[PDB]
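This report refers to the structure that appears directly beneath it.
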Amino acid sequence: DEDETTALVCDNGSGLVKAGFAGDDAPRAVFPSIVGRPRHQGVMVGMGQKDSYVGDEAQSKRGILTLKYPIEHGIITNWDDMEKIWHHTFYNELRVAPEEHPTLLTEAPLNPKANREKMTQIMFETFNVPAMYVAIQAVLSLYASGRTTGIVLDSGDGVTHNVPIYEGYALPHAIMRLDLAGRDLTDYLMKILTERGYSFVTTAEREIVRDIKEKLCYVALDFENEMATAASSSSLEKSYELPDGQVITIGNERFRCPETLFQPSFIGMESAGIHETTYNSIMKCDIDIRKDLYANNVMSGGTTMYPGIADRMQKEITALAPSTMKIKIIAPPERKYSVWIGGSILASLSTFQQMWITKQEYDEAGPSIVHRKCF
Amino acid sequence: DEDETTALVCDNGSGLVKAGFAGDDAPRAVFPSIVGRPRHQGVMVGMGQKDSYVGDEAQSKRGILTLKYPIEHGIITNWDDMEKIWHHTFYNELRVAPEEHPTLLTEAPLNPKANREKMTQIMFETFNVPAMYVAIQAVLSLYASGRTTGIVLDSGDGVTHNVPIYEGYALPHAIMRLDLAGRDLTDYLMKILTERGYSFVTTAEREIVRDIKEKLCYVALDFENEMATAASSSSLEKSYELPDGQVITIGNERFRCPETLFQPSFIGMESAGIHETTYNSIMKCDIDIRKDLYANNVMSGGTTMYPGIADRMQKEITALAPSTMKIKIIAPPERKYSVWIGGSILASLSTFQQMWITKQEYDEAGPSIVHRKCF
Amino acid sequence: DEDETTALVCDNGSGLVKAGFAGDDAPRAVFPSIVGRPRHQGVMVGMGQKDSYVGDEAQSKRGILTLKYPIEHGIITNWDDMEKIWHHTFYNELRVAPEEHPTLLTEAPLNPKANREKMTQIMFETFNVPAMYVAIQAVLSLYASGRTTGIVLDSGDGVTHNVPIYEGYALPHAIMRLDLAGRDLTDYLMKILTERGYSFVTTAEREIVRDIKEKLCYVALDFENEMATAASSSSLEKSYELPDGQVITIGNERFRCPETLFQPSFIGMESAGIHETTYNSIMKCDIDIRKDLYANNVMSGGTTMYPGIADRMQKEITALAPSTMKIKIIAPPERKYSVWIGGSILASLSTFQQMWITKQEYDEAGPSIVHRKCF
Amino acid sequence: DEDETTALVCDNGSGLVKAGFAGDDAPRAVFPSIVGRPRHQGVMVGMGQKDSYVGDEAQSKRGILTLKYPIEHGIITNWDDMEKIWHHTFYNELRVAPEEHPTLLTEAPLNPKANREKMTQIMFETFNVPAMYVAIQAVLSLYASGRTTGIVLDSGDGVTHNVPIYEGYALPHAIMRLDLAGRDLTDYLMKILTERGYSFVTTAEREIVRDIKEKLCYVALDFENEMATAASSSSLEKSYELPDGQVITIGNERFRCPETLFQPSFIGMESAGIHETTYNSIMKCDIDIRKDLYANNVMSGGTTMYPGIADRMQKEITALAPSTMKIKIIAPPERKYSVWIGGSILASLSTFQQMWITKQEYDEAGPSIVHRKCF
Amino acid sequence: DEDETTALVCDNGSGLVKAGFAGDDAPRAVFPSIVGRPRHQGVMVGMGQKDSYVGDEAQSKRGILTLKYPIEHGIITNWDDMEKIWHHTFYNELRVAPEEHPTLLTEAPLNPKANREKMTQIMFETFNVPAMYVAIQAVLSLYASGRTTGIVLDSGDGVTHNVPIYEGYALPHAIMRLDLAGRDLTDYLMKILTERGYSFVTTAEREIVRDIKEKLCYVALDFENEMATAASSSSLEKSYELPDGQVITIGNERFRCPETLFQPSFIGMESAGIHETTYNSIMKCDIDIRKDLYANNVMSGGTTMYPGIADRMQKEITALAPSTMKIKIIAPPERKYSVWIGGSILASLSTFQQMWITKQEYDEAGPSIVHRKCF
Ligand SMILES: Nc1ncnc2c1ncn2[C@@H]1O[C@H](COP(=O)(O)OP(=O)(O)O)[C@@H](O)[C@H]1O
Ligand SMILES: Nc1ncnc2c1ncn2[C@@H]1O[C@H](COP(=O)(O)OP(=O)(O)O)[C@@H](O)[C@H]1O
Ligand SMILES: Nc1ncnc2c1ncn2[C@@H]1O[C@H](COP(=O)(O)OP(=O)(O)O)[C@@H](O)[C@H]1O
Ligand SMILES: Nc1ncnc2c1ncn2[C@@H]1O[C@H](COP(=O)(O)OP(=O)(O)O)[C@@H](O)[C@H]1O
Ligand SMILES: Nc1ncnc2c1ncn2[C@@H]1O[C@H](COP(=O)(O)OP(=O)(O)O)[C@@H](O)[C@H]1O
Ligand SMILES: [Ca+2]
Ligand SMILES: [Ca+2]
Ligand SMILES: [Ca+2]
Ligand SMILES: [Ca+2]
Ligand SMILES: [Ca+2]
């Protein structure tokens with residue numbers, strides 16, 4: 001605060017920017033990292049009072065907006081708009097200057113080497129920031145839950161990761177990366193929706209595709225066995241008159257799309273489901289290591305909030321794995337803010353001082369300060 | 001030939017099947033031991049005229065194939081496909097029956113005891129083969145070059161070996177084995193390629209990873225000293241517009257991956273570089289033995305064809321070793337066929353008759369005929 | 001104790017540090033002389049609460065440790081770590097100061113002359129120790145059992161020894177030394193394990209190799225005769241589903257490795273089995289001496305705890321030896337602590353005062369005090 | 001020669017077979033009576049062109065050989081190999097048939113009665129030899145130097161002897177025999193080498209032990225006085241970087257092993273040094289006999305070629321002996337061939353005809369012909 | 001006894017100390033006059049409970065002892081140890097003080113004049129002894145058998161003597177002395193044993209040489225005639241598997257060593273056999289004296305207990321001697337204690353009082369008391 005650093009806590013992504021102060025219970029400032037642009041065109045006298053629709057203000061009015069997606073995988077299509085997105089975070093909501101407090105961000109595992117410097121360059125060289133540290137997505141969720149060892153599969157929208165963690169951080173061998181996250185599932189629904197009679201192609205309806213999914217589509221216990229169950233007119237058929245002006249008879253469609261996550265074969269790829277890669281990464285490890293990896297299967301993120309997600313991991317895991325320990329998927333009561341809570345503690349402890357990167361340190365070692373101190 | 005044995009010469013592996021007749025200069029039949037399977041899916045009217053893509057026919061069209069890898073380390077994932085691979089060798093290209101000529105194969109050092117019998121079983125018990133002998137990979141390369149004593153480090157894709165050889169064959173004491181060969185380097189590139197902005201994950205691009213490496217990536221003389229040299233924009237930066245439709249700005253990446261071979265630390269293991277193990281195996285031997293081991297350091301295989309491979313062995317070897325003899329890595333003009341030439345002579349000499357295994361000998365002593373005669 | 005000497009009893013080695021107080025029945029403090037180092041690498045926030053893993057704390061968690069072996073034969077690879085190992089013995093477990101009590105250690109027969117002074121130097125010159133004496137490994141086991149004459153073959157991990165003992169101590173003539181102990185057997189298993197299909201190469205699995213051996217591998221009565229017995233599917237084949245997640249079908253492997261102890265030919269050496277050297281050392285002695293050497297064949301150490309060890313010495317000994325006395329291998333009910341019990345008595349008797357080395361005696365005769373008083 | 005006898009000259013032993021023609025200056029054919037056997041094992045295609053390595057051909061390549069020692073004291077471990085050793089002497093090097101020339105050999109003093117007949121049996125009964133005579137080792141060295149009276153101490157490898165000689169040959173009373181020769185010193189070095197940190201145990205390094213000794217180890221003038229001199233860092237400390245790849249810091253070790261020859265106490269025996277037995281054998285003789293025994297102390301053999309051997313005999317002899325004559329050890333310029341020169345003359349003179357044993361004489365008196373004519 | 005003299009009876013030598021009380025049948029205390037010293041060396045904790053091994057205690061354990069021979073001919077190598085030998089006789093076994101009883105010892109014929117006084121000096125001047133008398137070895141054996149005239153050849157270990165005895169004691173003229181006794185035969189066996197293949201050189205095997213002789217080696221009736229008999233494989237060849245662990249094929253060796261006694265020519269001397277000197281001493285005497293000398297040829301001592309000793313004296317004596325009387329060697333049933341029995345009577349009779357030397361008599365005439373009273 002003015003006369004002292006005092007850092008904030010932020011978990012930026014391509015879905016929700018979880019920013020807030022220190023010592024809170026839930027994120028105060030939240031909005032999707034997306035900028036809207038007028039598509040209606042024409043002239044203006046009484047406009048919507050916005051030139052570049054952003055966040056909640058943008059997501060609210062979709063009809064007139066052409067949602068520009070900055071962070072599309074990890075690569076940013078354009079950095080020019082990112083500058084205004086950050087100008088909206090500090091000055092507007094938080095109402096605090098960036099030339100005052102440090103900044104705690106999240107690191108999308110295996111992000112281009114140029115981004116690490118490019119991002120920090122916008123803070124330190126451009127808008128003089130006292131300090132900043134970009135922690136590694138998943139690792140934070142471990143301490144928040146109160147664990148110190150297990151296997152964390154933190155996936156959101158950008159990318160997918162299988163990170164087995166121990167008291168000592170893992171190494172490039174058991175960990176994996178895959179480009180089959182939420183955004184891939186969102187753009188896939190429209191594809192399979194054509195066989196029934198739906199076509200949410202354009203932008204204003206591209207978001208609706210995401211909306212119908214989260215609050216209805218359930219995951220099947222056994223796709224192959226429930227496919228024939230579709231004949232039974234009782235458990236599936238349920239007219240859901242969308243409270244707006246349309247009926248969406250979702251029968252065999254409810255568990256046809258979610259299966260794609262575990263069955264990319266419906267897309268046209270070689271990559272096996274995320275439950276096959278789970279075996280691949282574990283089976284390689286030494287014999288005297290797996291026993292505790294199954295004891296605590298950590299599954300965090302919004303991807304793990306679909307009605308009926310743990311039950312599926314009761315047959316798939318037990319199949320190709322030892323049978324000595326008890327199996328159960330751990331999904332904390334509040335798994336969504338798993339990353340936000342963990343970062344709050346580190347930003348509160350004074351011991352963290354001997355880790356972060358100080359302002360002057362950047363200038364004293366140029367842009368290479370990053371890879372010069374950390375890895 | 002029909003009325004007489006007359007053996008062939010084959011050096012099978014997981015990269016190139018070097019088969020041909022006797023008295024030739026170069027291998028006639030060559031193809032990778034890999035089978036492809038359709039991944040595009042759908043229906044067929046005018047197909048690619050293949051049910052199980054194999055060898056050159058397979059490697060040619062990667063886009064539609066899901067390259068099934070039979071020989072993955074030494075262990076074969078599946079033997080059912082191996083039967084067709086051998087059905088393609090004799091009948092198709094060579095156009096000669098296996099019930100006619102013997103067979104000279106190579107032995108992957110320290111291969112499971114069951115394989116020795118299992119392989120021969122497919123020849124003798126299944127497709128009646130007059131005779132066969134499976135010689136030991138490296139030893140053949142020694143006579144081909146015209147040497148009788150030295151240290152041969154024959155490595156390809158399957159496994160790595162350090163075989164010091166003398167007039168009398170070595171013994172389990174100085175020789176070593178390691179699972180850090182080409183295939184480990186091929187699957188590693190994609191890992192470190194993510195820090196820059198590349199992700200050749202799926203199969204159709206898994207092979208491209210191998211292609212870019214061999215015809216560009218050079219080996220550094222001093223990694224630690226050339227890492228800082230990266231700042232110099234002249235010796236590294238060279239836009240290589242891949243003749244297809246993409247630019248691959250390889251600067252510090254050219255000598256970052258090759259170093260992994262000698263620096264597994266970048267992976268996450270304990271195993272030291274293959275140049276450390278070289279010391280380990282030699283330093284144990286008697287004092288009055290090393291002087292000639294350095295005089296002729298044999299380095300064969302495709303692994304020893306990277307621009308700038310001998311220069312590195314001029315500082316590493318001389319460091320922890322006596323300084324009495326002259327040091328120089330011997331890489332014959334044609335080191336790739338080092339194994340093929342050596343086997344050709346043995347398959348030509350009539351004196352070899354008192355060594356190989358005859359057809360009936362297998363039936364007269366059951367499957368144990370192998371370990372019963374040889375070791 | 002503070003106002004008086006009162007010595008402890010220690011039997012240090014490269015396997016178990018048998019330390020404890022006086023007047024006990026079993027060793028209180030026990031741990032392997034090995035230090036672990038993080039190999040997982042990365043960063044730390046909630047570490048394993050250890051910088052240099054040691055003893056039980058180290059052996060417990062192998063996955064993250066790179067077991068540094070200090071005492072590797074007798075020669076110590078590095079003395080810098082040995083200082084902390086001894087700092088862990090007194091202060092932590094025993095909770096007694098070294099500037100208070102003497103110290104009773106064991107002497108690895110035929111240890112470098114420099115070590116005798118180097119070791120004592122760390123006690124007397126560095127951490128002022130009132131007194132210390134380093135007794136000779138085997139001799140102690142003789143009195144513990146309650147014997148005064150026979151032939152003791154005390155072997156553990158460091159080195160092998162054949163020490164015939166009489167009321168008057170032996171002399172360099174019948175005694176022998178050999179570098180073919182446990183550590184040689186431990187590192188050998190991985191070698192022969194490759195013919196079947198196992199490769200416990202790296203460190204985290206190097207220890208597992210030692211674990212599977214001790215609690216399963218039995219010793220054959222007649223290797224050459226039991227090799228053919230392997231055909232019989234009843235006495236060997238027994239699926240041992242390792243309680244973890246893997247099956248280890250040990251058939252002819254159970255008695256293939258143990259035979260190497262008595263048959264180094266499987267390695268590639270000239271040294272005959274330890275049962276041949278037994279003849280060599282005895283056959284030289286006078287004619288009127290052997291009769292009592294066979295009457296009591298002492299065999300101590302963990303090496304003599306494999307199911308079926310005495311039976312083998314019923315044919316090998318009787319073969320090339322007189323046939324007048326009764327033959328039987330003496331392995332006391334508790335042969336493991338044979339050295340610990342013997343040293344306890346000497347450390348209890350007050351008559352021992354006229355033997356040990358006093359603190360000041362070291363300073364009054366410099367470092368040469370050792371060879372100046374004793375030999 | 002074919003149409004006539006004409007004898008050769010041979011001085012066979014367990015170190016060098018000094019064979020050659022008559023009228024030469026130095027031995028033409030020389031090699032150690034040792035046979036080598038492959039220990040590397042495995043298979044063969046380009047072998048070392050030898051089944052039973054012998055002599056120079058064997059000593060050259062030690063690494064692959066398991067040096068079989070035929071003549072081990074006097075007793076021959078095995079006679080079957082001795083047959084080939086002699087087949088190598090005549091036919092190969094000399095290129096002359098044994099059924100043509102006699103044979104002059106040496107007699108190891110006090111050799112089993114059976115050997116005299118057994119050896120001759122292989123020549124006369126097996127490979128019809130015209131004649132042969134086996135003269136007594138030392139006596140020959142007397143005439144070669146040109147002396148007719150004195151005390152000869154001819155020792156090599158087999159056994160030690162103190163033979164006082166006069167115009168009339170000595171008698172079993174002053175002469176002595178002892179089993180403390182070179183071979184005992186060679187196998188002793190490895191014993192005392194363990195206190196420093198060396199262990200040349202196996203065969204390939206057993207010979208190296210003999211090599212380091214002869215060309216470095218010097219003999220002390222006063223061991224007890226030079227033991228304290230070790231403190232002086234100038235006369236002893238001299239880094240001898242063995243031209244191969246190892247440093248052997250020999251300080252107090254140079255004169256510690258040689259002393260064992262004169263001080264068997266370091267081994268564990270009762271036998272006094274060879275300089276004590278010298279007194280024992282002389283002090284018994286009559287009073288009017290010693291005066292000339294000291295005047296000419298003959299010391300021949302390779303044992304008397306260590307830098308500083310005569311000086312030691314200047315204090316030890318003068319101590320317990322009369323002081324009337326001048327004392328000086330006589331070691332001819334060429335003392336190594338002392339036995340070869342003496343035998344050459346006897347094999348040249350025609351007067352020798354009335355001494356040797358003729359072919360038919362053996363058959364006319366059976367195998368007992370030896371003890372029937374000579375003693 | 002305390003209040004009165006009462007003498008003991010002792011026959012000390014270098015083989016057996018025959019001591020005991022008066023009125024007994026056999027000697028109670030018996031042991032060889034030899035002291036042992038540790039040769040094994042090293043350190044001690046549980047020693048053999050002896051600093052100076054003596055007598056039975058010493059002879060029992062030879063392996064660790066360096067048998068010190070005090071009385072070596074007659075001359076004592078060292079008197080310092082003799083003091084303890086006598087301290088062991090009275091105090092330990094007999095449990096009686098020397099300041100209480102006289103002492104009856106034996107006199108080695110022709111012993112140095114200084115010894116007579118030196119010995120008595122240790123008794124009278126040092127350990128106040130009431131009285132003592134040193135009788136002449138052989139003369140005692142005469143009365144024991146019950147004879148009063150003949151020729152006694154009493155030989156043991158020290159020296160040889162030919163003592164013709166009559167009612168009146170002999171005189172220096174017919175009597176003789178020779179240094180060719182048992183000890184000379186014991187040290188000779190090892191010499192001739194080398195021609196066959198034995199070498200019992202060191203101390204621990206020096207005694208074994210004496211052991212094998214007494215209980216096997218027989219004496220030939222006619223050496224020259226039995227030498228050829230060796231060819232006959234029936235009367236000689238008899239495998240005597242020494243009950244310990246070795247075979248000693250004694251054929252012509254059984255009667256080769258014993259002959260040396262009568263044929264010193266095999267050694268290298270001029271002295272004729274003890275049967276030639278027998279003639280020499282008798283042929284000189286008057287003509288009218290020999291007739292009774294042959295009638296009773298007394299032969300006592302352990303030397304006359306070899307199977308077949310009298311038969312030899314049936315041809316040798318009758319050869320060069322008158323043929324009027326009957327010839328027969330007299331060897332009493334118990335000839336070993338011939339000296340002990342004779343001395344017992346003299347020590348029992350009260351008439352002996354007027355002969356022995358009283359305590360005070362020594363002080364009243366100084367050390368010369370011996371030659372002053374007796375001769
Ligand atoms: N209750 C829910 N059920 C299923 N998906 C949800 C739920 N709430 C949010 N999501 C989804 O989670 C994703 C955002 O998760 P988040 O962890 O913020 O991603 P990122 O950090 O990669 O931007 C969006 O795809 C959103 O639709
Ligand atoms: N010119 C080259 N430079 C570098 N690597 C090469 C070259 N040519 C071939 N290779 C590589 O060598 C390997 C095949 O070598 P090979 O000896 O046939 O192996 P294997 O016998 O183990 O199947 C492949 O990894 C291939 O990419
Ligand atoms: N029950 C057992 N059976 C076989 N080996 C055993 C047993 N218990 C311990 N060992 C082995 O004994 C060795 C340790 O013995 P120890 O006498 O302490 O050796 P050192 O003193 O040389 O360190 C280790 O190799 C260990 O695996
Ligand atoms: N220059 C030398 N100095 C010391 N020892 C030597 C020398 N040359 C040879 N020897 C030794 O002499 C011995 C051979 O001597 P030799 O008289 O031939 O013996 P033998 O006749 O008993 O076989 C070997 O031990 C050898 O190492
Ligand atoms: N039964 C026996 N046969 C042959 N020699 C024997 C026998 N018993 C003892 N001796 C020998 O007799 C000698 C001892 O005789 P002894 O009369 O006591 O001698 P001394 O009095 O000279 O000491 C020893 O050499 C011993 O080996
Ligand atoms: Ca996420
Ligand atoms: Ca290869
Ligand atoms: Ca031990
Ligand atoms: Ca010699
Ligand atoms: Ca006697």
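Naming works like this for the structure tokens: A, B, ... for the chains as they're shown, residue 1 at the start of each chain, ligands 1 onward in shown order.
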
Step by step, measure atom-to-atom distances between ligand 2 and each residue using only C-alpha atoms and all ligand atoms, keep those at most 8 Å, then write them as a list in words.
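With only C-alpha atoms and all ligand atoms and a cut-off of 8 Å, ligand 2 is contacted by residues 11, 12, 13, 14, 15, 16, 17, 18, 32, 155, 156, 157, 158, 159, 182, 183, 186, 210, 211, 213, 214, 215, 301, 302, 303, 304, 305, 306 and 336 of chain B.
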
Could you give me the residues within range 163-324 of chain E that DSSP places in strand (DSSP E), as a list in words?
residues 163, 164, 165, 176, 177, 178, 241, 242, 246, 247, 297 and 298 of chain E

Up to 9 Å from chain A, what residues of chain B turn up? Count only C-alpha atoms and give them as a tab-separated table (two decimals) with C-alpha atoms, in the first residue's frame.
chain	number	residue	atom	x	y	z
B	39	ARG	CA	-7.05	-43.71	-38.73
B	40	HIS	CA	-9.13	-41.55	-41.07
B	41	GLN	CA	-12.06	-43.99	-40.83
B	66	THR	CA	-1.48	-45.05	-37.14
B	191	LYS	CA	9.01	-32.41	-24.78
B	192	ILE	CA	11.56	-29.60	-24.98
B	194	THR	CA	7.01	-26.84	-26.00
B	195	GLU	CA	9.11	-24.11	-24.38
B	196	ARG	CA	9.54	-22.44	-27.78
B	197	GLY	CA	6.08	-23.01	-29.24
B	198	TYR	CA	5.93	-26.39	-30.99
B	201	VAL	CA	2.13	-34.70	-30.40
B	202	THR	CA	0.00	-36.96	-32.62
B	203	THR	CA	1.39	-39.69	-34.88
B	266	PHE	CA	17.38	-32.26	-18.72
B	267	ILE	CA	15.02	-35.25	-18.63
B	268	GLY	CA	14.91	-36.14	-14.94
B	269	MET	CA	17.10	-39.19	-14.34

If you count only C-alpha atoms, which residues fall within 12 Å of residue 286 in chain B, apart from same-chain ones fewer than 5 positions away, as a PyMOL selection string?
(chain B and resi 173-174+281+291+293) or (chain D and resi 62-64+199-208+244-246)

Å distance separating CA of residue 255 in chain A from CA of residue 294 in chain A, one decimal place:
26.4 Å
